[PDB]
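Only one structure is covered here, and it is reproduced in the block below.
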RNA sequence: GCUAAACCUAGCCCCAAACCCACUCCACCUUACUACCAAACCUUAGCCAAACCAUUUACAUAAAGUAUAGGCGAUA
RNA sequence: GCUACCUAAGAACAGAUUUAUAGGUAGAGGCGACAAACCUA
RNA sequence: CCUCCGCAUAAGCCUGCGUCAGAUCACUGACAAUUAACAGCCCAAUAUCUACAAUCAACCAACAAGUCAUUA
RNA sequence: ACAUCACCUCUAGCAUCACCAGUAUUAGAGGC
RNA sequence: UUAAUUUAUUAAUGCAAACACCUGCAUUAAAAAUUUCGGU
Ligand SMILES: [Mg+2]
Ligand SMILES: [Mg+2]
Ligand SMILES: [Mg+2]
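So this is what it looks like as structure tokens:
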């Protein structure tokens with residue numbers, strides 16, 4: 002026989018089920034939206050409808066999102082939105098030949114940045130395209146403030162963004178101790194990506210890490226029923242005091 | 015080439031027999047010379063009281079009446095136990117009522133349990 | 031050539047992730063659960079001690095803190 | 085002994101009752117085994133099970149009192165401390181912790197307990213769901229069709 | 050011919066549960082037997 | 053970087069549909085290599101008495117090697133962002 | 001005449017609906033069914049059909065089986 | 001786990017010997033005094 | 001009249017010609033067994049010595065170059 | 001018929017998982 | 001295999017890219033991979 006709800010949302014089904022369904026609504030939104038980033042190799046077409054080349058017919062055409070072949074190690078640093086491409090190719094790029102499976106891997110470089118928001122130097126692998134992205138953002142802190150985490154497409158940079166957001170919404174003196182003037186200047190500079198203190202709770206963590214924050218959050222030593230019955234008897238005594 | 019039996023004592027070679035055992039609880043420790051020393055500390059200790067003069071016989075006579083199955087409800091027992099102390103104290113800080121912060125110092129703690137059966 | 035290969039020696043430590051290197055935020059490691067596992071961040075425990083004093087595993091005190099260790103070693 | 089009737093006796097009296105029950109039950113076991121050795125009938129066949137039942141009721145009272153103690157003093161639900169988790173067979177279960185000396189940051193055996201499941205448990209888990217559903221629809225069809233034949237009998 | 054000269058130590062070695070659970074393909078083997086619903090889930 | 057494209061032209065998808073592609077659709081044809089493309093200089097405003105490239109307060113487009121590796125890592129120059137542009141204009145007008 | 005035959009009814013069948021499974025105490029990843037010391041993701045492949053073989057090839061209703069593509073040869 | 005080859009660590013009487021036990025080499029393979037032989041009818 | 005076997009441990013199997021009754025060259029059900037000194041099951045830290053084979057081990061005679069020790 | 005001592009030829013100037021814990025009187029591969 | 005063809009992969013170069021490492025493009029091999037050894 003047949004299963005009632007569809008398995009195409011079975012995972013999504015569990016997203017509304019139980020203890021994990023007690024997660025923050027902001028976390029639900031951040032795991033719920035699926036906005037797409039600009040591509041690494043899928044150059045965008047012009048507009049909605051355009052004339053056919055060999056037919057001269059006004060046809061609406063879209064562009065294919067090429068899947069980003071992300072090796073695991075590139076998550077350990079702040080790479081760009083680029084990577085490798087696991088596909089195939091023809092010998093002379095000619096479809097009338099016997100094609101073979103092929104790969105397009107990136108050329109990374111181990112560089113370093115020194116964030117004032119972090120107020121520390123982090124050295125990791127990045128891309129020259131990622132270098133250009135940071136330069137166009139003019140600073141790593143502003144870049145962390147700028148792109149979406151879905152646009153980030155990297156775990157380490159997402160973690161760095163989470164830390165930067167926590168520091169910005171915290172405004173603790175430990176960010177710039179014995180230099181509150183520089184702290185205030187940076188806070189004015191970093192006033193753009195201000196977030197609520199509650200927003201730092203599930204900031205950029207894994208879905209498994211979201212379950213982790215839940216179990217670290219929803220758990221507590223259970224209330225004593227000696228204490229509970231004592232409180233109930235106190236309530237009964239207060240009520241009978243009016244009797 | 016036989017598998018459907020249980021894994022009790024008799025399976026294979028000498029030491030292969032040696033490790034596992036039936037459902038005992040261990041009592042001692044293994045030290046030099048392959049000599050086991052079993053402390054009186056870790057042993058079972060079954061100290062039953064004296065049975066003389068208890069008038070409750072092992073079976074109960076059928077001439078007695080029947081009652082209602084009153085399960086030991088936690089709120090009911092708690093009320094029955096704490097009613098007089100709270101009634102006097104409110105007419106008069114739960115340490116006077118005996119609320120236990122932790123059972124770390126008691127012989128028979130509950131969470132975890134250290135009593136037996 | 032130094033004697034002994036490194037193969038049967040102790041395993042080299044894998045790289046600790048930059049999640050532990052976060053300057054502000056303590057990561058949500060494997061502490062709350064009980065699984066040295068892949069689905070979370072690795073718990074990092076401090077140096078704990080066995081408070082109990084028992085014959086079975088009481089290791090010796092260090093041989094610089096020993097009550098009798100003279101600079102003039104005895105030829106025995 | 086009736087359970088609530090037995091519930092009115094003291095704890096020392098409870099110990100006395102348990103010991104008397106132990107003696108009578110031992111008498112029962114020896115008598116039955118001897119009856120097998122003599123290959124004859126039993127003199128009081130209901131007596132053994134009755135003593136067993138009374139001992140079980142006394143145990144139920146003892147468990148009720150211990151449960152009232154656990155509920156009052158701390159209130160934890162399962163008397164042994166433990167948890168719900170997932171095992172290497174991929175299913176959801178409740179594992180029991182065990183009282184052991186060394187800690188979970190150094191426990192040489194407990195760390196060997198691979199209690200992690202990567203994505204390679206998907207098709208089997210859904211298949212387990214499938215078998216459960218198959219038995220479910222089977223029993224439902226059997227019951228309702230048996231009901232239809234039953235109504236046909238009237 | 051007397052080829053099957055089995056031995057219990059090597060039996061629980063090459064057919065046991067720890068070794069059959071050491072690599073995750075064997076875990077899949079355990080699961081395959083489980084959805085097959087046998088009794089001798091290992092050896 | 054590098055940009056490629058689907059050589060066998062992909063079937064269209066529509067508005068509320070995903071590109072349920074072909075097993076042939078994985079084979080791309082390489083369009084361009086941005087790593088092999090002509091580089092552009094980086095425009096930034098200096099803050100310190102630099103060498104023959106410029107002086108303090110001088111905004112110029114230098115090579116990325118001297119900018120990132122030498123100027124920006126040493127902090128001798130900062131980015132010529134529009135928020136930094138106001139600060140540079142104020143520094144120039146407060147002379 | 002014997003062996004034999006024959007007998008309903010166990011429960012399976014598909015659907016309809018509906019989201020389900022996991023704690024008597026215990027033990028259970030070491031030799032699973034024993035109370036105890038210092039580590040994961042890396043493009044499914046291939047035939048078949050071309051009457052042989054090679055590029056190509058699948059693992060609600062309506063436009064429409066038209067526009068796209070084919071050793072422009074089989075079709076999708 | 002038979003057998004082929006190897007390791008660990010034992011045994012018998014005269015080596016290119018055999019063998020009690022564990023362990024290792026997985027088919028697109030290993031092994032091979034190469035028999036185009038073996039690796040569970 | 002046979003016995004180049006036999007008796008033990010080892011491994012390996014798993015109660016498998018023990019007892020009281022059935023009837024299936026003339027197996028089934030119930031009941032009872034094997035009480036360890038042998039063998040496993042082990043060994044509180046940190047450092048530090050551990051060249052002088054064995055062959056009846058004293059000679060001869062070697063090569064395939066040695067199968068076993070603590071101490072602080 | 002294959003292995004092989006003997007002999008001949010060829011490659012390799014050297015180290016931490018085999019060769020090898022070795023250094024061309026060495027290591028590997030062919031012929032009779 | 002010195003039948004044919006490549007070269008997915010290495011190894012070299014050389015050229016790019018970055019200031020010894022990585023990626024891309026050519027050539028060369030080693031090794032592979034795809035396809036042929038007709039009829040009366
Ligand atoms: Mg054909
Ligand atoms: Mg073997
Ligand atoms: Mg003894």
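Protein chains in written order, with the authors' numbering: chain X, 2 to 244; chain 9, 15 to 106, 113 to 137; chain 5, 31 to 106; chain Y, 85 to 238; chain 2, 50 to 92; chain H, 53 to 147. For each residue, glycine too, the CB sits at the ideal point set by N, CA and C.
Closest Cα partner of residue i within the set the options
i                     : options                                                       : result
residue 189 (chain X) : 226 (chain X), 46 (chain X), 214 (chain X) and 118 (chain X)  : 118 (chain X)
residue 195 (chain X) : 182 (chain X), 147 (chain X) and 237 (chain X)                : 147 (chain X)
residue 91 (chain H)  : 175 (chain X), 129 (chain X) and 70 (chain X)                 : 129 (chain X)
residue 205 (chain Y) : 92 (chain 2), 61 (chain 2) and 75 (chain 2)                   : 75 (chain 2)
residue 53 (chain H)  : 98 (chain X), 220 (chain X) and 44 (chain X)                  : 44 (chain X)
residue 20 (chain X)  : 184 (chain X), 197 (chain X) and 220 (chain X)                : 220 (chain X)
residue 4 (chain X)   : 211 (chain Y), 237 (chain Y), 226 (chain Y) and 238 (chain Y) : 211 (chain Y)
residue 43 (chain 9)  : 86 (chain 5), 64 (chain 5) and 93 (chain 5)                   : 86 (chain 5)
residue 137 (chain 9) : 216 (chain Y), 164 (chain Y) and 126 (chain Y)                : 164 (chain Y)
residue 186 (chain X) : 129 (chain H), 136 (chain H) and 99 (chain H)                 : 136 (chain H)
residue 157 (chain X) : 139 (chain X), 233 (chain X), 204 (chain X) and 243 (chain X) : 204 (chain X)
residue 76 (chain X)  : 37 (chain 5), 94 (chain 5), 49 (chain 5) and 44 (chain 5)     : 49 (chain 5)
residue 81 (chain 5)  : 187 (chain Y), 170 (chain Y) and 103 (chain Y)                : 187 (chain Y)
Cutoff 8 Å; reference residue i; Cβ partners in own chain excluding five residues on either side
i                     : result
residue 59 (chain 9)  : none
residue 149 (chain H) : Lying outside 53 to 147, the shown extent of chain H, residue 149 (chain H) is not represented and no answer is given.
residue 72 (chain X)  : 84 and 85
residue 58 (chain X)  : 52
Beta-carbon proximity list for residue i, same chain, < 7 Å, skipping 5 on both sides
i                     : result
residue 101 (chain H) : 107 and 108
residue 146 (chain Y) : 98
residue 70 (chain X)  : 84, 85, 86 and 87
residue 168 (chain X) : 118 and 176
Sequence-distant residues of the same chain with beta carbon closer than 6 Å to residue i, five excluded per side
i                     : result
residue 91 (chain Y)  : 145
residue 153 (chain X) : 159
Open item on the list: In chain order, what are the residue ranges of uninterrupted beta strand (DSSP E) at least 3 long that sit wholly in the segment 141-200 of chain Y?
Closed with: 166-170 and 176-180
Task: the segment 99-118 of chain X contacting the segment 81-88 of chain X, beta-carbon criterion three pairs below 8 Å - done: yes
- [ ] Evaluate contact between the segment 219-238 of chain Y and the segment 168-177 of chain Y, counting only Cβ atoms and requiring at least three cross-stretch pairs below 8 Å.
- [x] no
TODO: Report yes or no: do three or more beta-carbon pairs, one from the segment 62-71 of chain X and one from the segment 33-50 of chain X, lie closer than 8 Å?
DONE: yes
Open item on the list: Which runs of the alpha helix (DSSP H) at least 4 residues long sit entirely within the segment 21-81 of chain 9? Give them in chain order.
Closed with: 28-32
Open item on the list: Within 8 Å, do at least three Cβ pairs link the segment 7-26 of chain X to the segment 200-216 of chain X?
Closed with: yes
- [ ] Scan the segment 137-161 of chain X and note each continuous alpha helix (DSSP H) run of 4 residues or more that stays entirely inside, going in chain order.
- [x] 141-147 and 150-153
Open item on the list: If we require 3 or more residues per run, which beta strand (DSSP E) segments fall completely within the segment 21-71 of chain X?
Closed with: 50-52 and 59-61
- [ ] Determine contact between the segment 85-94 of chain 9 and the segment 137-157 of chain Y, defined as no fewer than three beta-carbon pairs at a distance below 8 Å.
- [x] yes
Task: Inter-stretch contact at 8 Å, needing at least 3 Cβ pairs: the segment 158-165 of chain Y / the segment 31-48 of chain 5 - done: no
Open item on the list: Could you check whether the segment 70-86 of chain 2 touches the segment 34-42 of chain 9, counting it as contact only if at least three pairs of C-beta atoms, one from each stretch, sit closer than 8 Å?
Closed with: no
Open item on the list: For the segment 15-26 of chain 9 against the segment 46-63 of chain X, do three or more pairs of beta-carbon atoms, one drawn from each stretch, fall closer than 8 Å, so that the two count as touching?
Closed with: no
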